[PDB]
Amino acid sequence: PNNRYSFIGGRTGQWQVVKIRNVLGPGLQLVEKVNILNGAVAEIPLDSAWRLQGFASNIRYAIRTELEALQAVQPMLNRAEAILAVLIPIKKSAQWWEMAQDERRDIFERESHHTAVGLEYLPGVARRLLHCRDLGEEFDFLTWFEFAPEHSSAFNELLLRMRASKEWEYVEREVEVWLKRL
């Protein structure tokens, strides 16, 4: 039961890179494939362009009644139908991290409705949130979404809605890595 996940862009992996969109700030080099490994990488293989890593952690903002709503409808990863995925690494500004817990919760849910908006796109979209600021990585979060092609248009709508939120005014680096399951 290891909470560390690595994402290595390169020639090998379980996922074909469809495209990479460098939304904001320095991007990620285009590669053929992404290899996802659970655990800490011993040595990065040859012909790898980049390595991202993060860990699964405890809830930081969601309250019990939100967790109950998410749990009632959120799908599992690895659904046979979920052949599309998107890896989105995200970095938030130093202004964000300086803020107190009540100030960040108010932006996250009261002003931006992150959980309420996201719930609109379940059960179509499965997700996994990983943290990596505390590892000294270049991003603060590795977010992961997977879904069937039927939900691609919906997911693209969700992305536009989130980037218009107050919360995203604190995002200062973002890349979309679009993937297809091999």
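The first residue of the sequence shown is number 1, and the count goes up from there.
Of the two stretches examined, 41 to 49 and 130 to 138, the record assigns the greater average C-alpha temperature factor to 41 to 49. Higher mean CA temperature factor, per the PDB entry, when comparing 84 to 92 with 107 to 115: 107 to 115.
Highest C-alpha temperature factor among 31, 62, 56, 125, as the PDB entry reports it: 31.
Residue 66: CA B factor in the middle third of modelled residues in this chain (values from the PDB entry).
Residue 159 sits in the lowest third of its chain by CA B factor, as recorded in the PDB entry.
The PDB entry assigns residue 35 a C-alpha temperature factor belonging to the highest third of its chain's modelled residues. Residue 182: CA B factor lies in the highest third for its chain, per the PDB record.
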